[PDB]
Amino acid sequence: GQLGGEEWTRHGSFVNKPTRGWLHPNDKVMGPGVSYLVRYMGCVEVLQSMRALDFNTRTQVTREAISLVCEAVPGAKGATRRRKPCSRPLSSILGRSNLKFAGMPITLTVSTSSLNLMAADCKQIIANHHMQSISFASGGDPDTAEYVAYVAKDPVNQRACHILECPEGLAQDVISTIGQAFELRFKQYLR
């Protein structure tokens, strides 16, 4: 079945030009992939879209979001505990975050337009086939003292936002600062 393939890796490099991707180079993602022990934190259901703070709600939202996931699963203990709602951000943003698979320490791996996780505590591998992998993050400065958030398009057009927590290693890339695995600009499939 099928005609032709592309699962080989014995070709030369580029003509003669440098570059920088996730963590450091581009090949680091298209070959070995960045993998470390990161605690996968529940997702945060957001409702915001147009009527928000002021043509922006990255920090604001992500702030209450992170605190949200923690509210449901205080086991991690970071901002709240047991139960205790707080004010902010401003405007009608966010709706509710689900702890579905929160505070779970596993070995995550980031690849060029492909994120594959590996249950380090559950003793198995975690897969994901919803979309490429990433697109637009929160950035933060900081996101929340020592917290990290991820975006999840599903439905598409900014809907859900997963949560993460890394003490060191991947926290540098996820947080967004040093390079980033490019080759994807709303076109996907390297089209």
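As recorded in the PDB header, solution NMR is the method behind this entry.

Novice: Could you give me a rundown of the pairing of strand β4 (residues 114-118), with the residues and numbers involved?
Specialist: Of the two faces of β4, the one holding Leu115 and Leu117 is buried and the one holding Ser114, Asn116 and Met118 is not buried anywhere. In the sheet, strand β3 (residues 104-111) pairs with β4 via five bridges, with the strands oriented antiparallel. Looking at the pairing, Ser111 lines up with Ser114 of β4.

Novice: Please give an account of unusual backbone geometry that cites residues and values.
Specialist: The omega angle of the peptide bond from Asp141 to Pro142 is 0°, so this bond is cis rather than trans. With respect to the helices, strands and loops of the structure, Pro142 is situated in the loop between β4 and β5 (148-149). Non-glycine residue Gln158 carries a positive phi angle of around 55°. Secondary-structure assignment places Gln158 in the loop between β5 and β6 (160-165). Even without being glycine, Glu183 reaches a positive phi, approximately 80°. Position of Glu183 relative to the elements: it lies in the segment after α3 (171-174). Relative accessible area serves as the criterion here: at 37%, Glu183 is assigned to the partly exposed category.

Novice: An account of the layout of surface pockets is needed here, citing residue identities and associated values.
Specialist: In this structure, the largest pocket encloses a volume near 1500 Å³. In terms of lining residues, the largest pocket is bounded by 48 residues, among which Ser133, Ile134, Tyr150, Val151 and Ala152 are the most central. For the lining of the largest pocket, the secondary structure elements donating two or more residues are β1 (34-45), β3, β4 and β6. If you tally residues by element for the lining of the largest pocket, the top one is β3, at five residues. When grouped by side-chain class, the residues that make up the lining of the largest pocket number 26 nonpolar, 17 polar and five charged. The space that makes up the second largest pocket amounts to roughly 1200 Å³. In this structure, the second largest pocket is lined by 31 residues; those nearest its centre are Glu6, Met30, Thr112, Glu183 and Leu190. The biggest single contributor to the lining of the second largest pocket is helix α1 (residues 27-30), with three residues. Residue composition of the lining of the second largest pocket, grouped by class: ten nonpolar, 15 polar and six charged.

Novice: Let's hear about the nonpolar core: which residues, and what values?
Specialist: Grouped together as the largest cluster of nonpolar side chains are 21 residues, with contacts concentrated most on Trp22, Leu108, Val110, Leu170 and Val174. Sorting the residues of this core by element identifies β1, β3, β4 and α3 as the ones contributing at least two each. Here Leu170 is in contact with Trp22, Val34, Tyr36, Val38, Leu108 and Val110, once residues within four sequence places are set aside. Residues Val46, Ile66, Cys70 and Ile163 belong to the second largest nonpolar core, which totals 16 residues.

What counts, and at which threshold
- Residues numbered from 1 in each chain as written, not as in the entry; some residues may be left out.
- Heavy atoms only, no water.
- Buried < 20%, exposed > 50% of the residue type's maximum accessible area, 1.4 Å probe, protein only.
- Helix = DSSP H or I, 4+ residues; strand = E, 2+ residues; numbered from the N terminus.
- Pairing = 2+ DSSP bridges.
- 1 Å grid on protein atoms, 1.4 Å probe; cavity = no way out; pocket = protein on both sides within 12 Å on 5 of 7 lines; lining within 4 Å.
- Points joined across faces, edges and corners; volume = space filled by probe spheres on them.
- Nonpolar A, V, L, I, M, F, W, Y, C, P; charged D, E, K, R; others polar.
- Core = buried A, V, L, I, M, F, W, Y, C linked by side-chain atoms within 4.5 Å.
- Contact = heavy atoms within 4.5 Å.

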